[PDB]
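Listed here are the chains, written in short residue letters.
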Amino acid sequence: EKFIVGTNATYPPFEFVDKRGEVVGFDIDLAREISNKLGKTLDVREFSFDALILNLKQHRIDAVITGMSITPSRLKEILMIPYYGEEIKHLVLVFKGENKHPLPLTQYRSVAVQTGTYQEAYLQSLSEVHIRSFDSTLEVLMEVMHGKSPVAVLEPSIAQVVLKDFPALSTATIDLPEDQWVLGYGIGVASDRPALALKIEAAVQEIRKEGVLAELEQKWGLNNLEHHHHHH
């Protein structure tokens, strides 16, 4: 039988349309691997993003794979099996010297952040926060080093790697409200089909341990993802 997957082919490198008119990408290769583990024939179907969950709940599709962020709001409605991405429940505020009251972020003349990241979107959602956006983490941090902005915001896993090169910078934790958490990217499954979700979790674990998940990540350039959590 068939494993029917619903997608919105507008989000490289997860899914997009090739010059054949076919949908390709990391999620399509992952969907095929999953269908093989389940012993099913993959059937990829395109929908508008806003129509995906309704179709899943109506059992017209078996799974949604579309670079969809795992959010507490969505977990209320559907099941989600994680397959890529760090959980983001807090951000790192970066500055030189002392910062007695790191919050509110509205206090700063400007806040440096990287374009296209989830932290940028979070900052944009906040009333009266003045953002200076940059293409790279290098530019974000040099902005603070030169005293052009008082603070920057990084995602925690990036802060952990890059800040070793910046002994002058100190940090404070920004806790995100629960309704703003993203817990990586996930495969959507109907709430009334938990057994299918279990089989998909089993499949993803096997794809991961066989090294195929890491191969697909490298192949599709996920390490260099430009537009983070576009569907949050």
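The rules behind each value
- The residue numbering used throughout counts from 1 along each chain in the order its sequence is written. It may not match the entry numbering, and residues with no coordinates are not shown.
- The side-chain numbers reported here are obtained from all heavy atoms of the structure, hydrogens and water having been left aside.
- Where each domain starts and ends comes from a domain assignment, either automatic or drawn from a database.
- Each of two parts loses accessible area, computed with a 1.4 Å probe, when they are put together; buried area is these two losses added.
- Basic side-chain nitrogens of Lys or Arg form a salt bridge, by our definition, when they fall within 4 Å of a carboxyl oxygen of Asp or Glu.
- Throughout this description, a polar contact denotes any pair of N or O atoms lying within 3.5 Å of each other; where both atoms belong to protein, one of them has to be capable of donating a hydrogen while the other can accept it, and for residues adjacent in sequence the pair is counted only when both atoms sit in side chains.
- Secondary structure counts use DSSP, requiring at least four H or I residues in a row for a helix and at least two E residues in a row for a strand, with both numbered from the N terminus.
- Only C-alpha atoms enter the line fits that serve as axes; for helices the fit covers just the stretch in contact. Angles between N-to-C directions range over 0 to 180 degrees.
- For classification, angles of less than 35 degrees are called roughly parallel, those exceeding 145 degrees roughly antiparallel, those between 65 and 115 degrees roughly perpendicular, and all remaining angles oblique.
- Handedness of each helix crossing follows the sense of rotation of the near helix against the far helix: counterclockwise by less than a right angle gives left-handed, clockwise gives right-handed.
- Contacts: residue pairs with any heavy atoms within 4.5 Å of one another.
- In this count, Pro and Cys sit with the nonpolar residues alongside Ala, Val, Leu, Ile, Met, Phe, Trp and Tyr, while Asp, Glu, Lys and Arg are called charged and the others, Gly among them, polar.
- Following DSSP output, two strands are said to pair if at least two bridges run between them.

- The record names X-ray crystallography as the way this model was obtained, at a resolution of 1.92 Å.

1. Some details on the domain arrangement of the protein
Accessible area lost when the parts come together is the quantity often used to give the size of an interface.
Argument step 1. Under the domain assignment used here, the protein contains domain 1 (1-88 + 182-232) and domain 2 (89-181).
Argument step 2. When each unit is reduced to the centre of its C-alpha atoms, the spacing between domain 1 and domain 2 is 30 Å.
Argument step 3. Contact between domain 1 and domain 2 buries roughly 960 Å² in total, counting both sides, with carbon and sulfur atoms accounting for 66%.
Argument step 4. Per-residue buried area on domain 1 facing domain 2 is highest for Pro-72, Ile-88 and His-228; these three make up 53% of the total on that side.
Argument step 5. At the junction of domain 1 and domain 2, the tally comes to one salt bridge.
Argument step 6. Across the pair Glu-87 and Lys-89 runs a salt bridge whose closest N-O atoms are separated by 4.0 Å.
Argument step 7. The tally of links between domain 1 and domain 2 comes to one residue pair in polar contact.
Argument step 8. Broken down by element, the residue count for the side of domain 1 that touches domain 2 peaks at three residues, all from strand β6 (residues 78-88).

2. What to know about the packing of helix α1 (residues 26-38) against helix α7 (residues 194-209)
Argument step 1. One can describe the packing of α1 onto α7 by two numbers: an axis separation of 9 Å at closest approach and a directional angle of 110 degrees. As far as their axial angle goes, α7 and α1 are roughly perpendicular. In the packing of α1 onto α7, the handedness of the crossing is right-handed. Residues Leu-30, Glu-33, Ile-34, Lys-37 and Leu-38 of α1 lie in contact with α7, whose contacting residues are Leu-196, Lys-199, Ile-200, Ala-203, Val-204, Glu-206 and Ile-207.
Argument step 2. Looking at the contact of α1 with α7 residue by residue, the class counts come to eight nonpolar, no polar and four charged.

3. Section: the sheet that holds strand β11 (residues 169-175)
Argument step 1. The sheet built from five strands is open, its strands ordered β9-β8-β10-β7-β11 with mixed pairing. Looking at the sheet topology across the chains shown, the edges are occupied by β9 (131-134) and β11. Each neighbouring strand pair of the sheet contributes to a mean axis angle of 30 degrees, computed without reference to strand direction.
Argument step 2. Here strand β8 (residues 111-114) runs beside β9; their pairing, made up of four bridges, is parallel. Within β9, the residue paired with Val-111 across the bridge is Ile-131.
Argument step 3. Contacts from helix α4 (residues 118-125) reach β7 (90-96), β8, β9 and β10 (151-154) within the one sheet, and its direction differs from that of β8 by about 140 degrees.
Argument step 4. Packed onto the sheet, helix α5 (residues 137-145) meets β7, β8, β9, β10 and β11 and runs at close to 155 degrees relative to β10.

4. Regarding the packing of α1 against helix α8 (residues 212-219)
Argument step 1. For the pair α1 and α8, the least separation of the axes is 10 Å and the interaxial angle reads 160 degrees. The orientation of α1 relative to α8 falls into the category roughly antiparallel. In this structure, the crossing between α1 and α8 has a hand that is right-handed. Between α1 and α8, the contacting residues are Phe-26, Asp-29, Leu-30 and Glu-33 on the first element and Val-212, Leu-213, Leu-216, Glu-217 and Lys-219 on the second.
Argument step 2. When the residues that make up the contact of α1 with α8 are grouped by side-chain class, the tally is five nonpolar, no polar and four charged.

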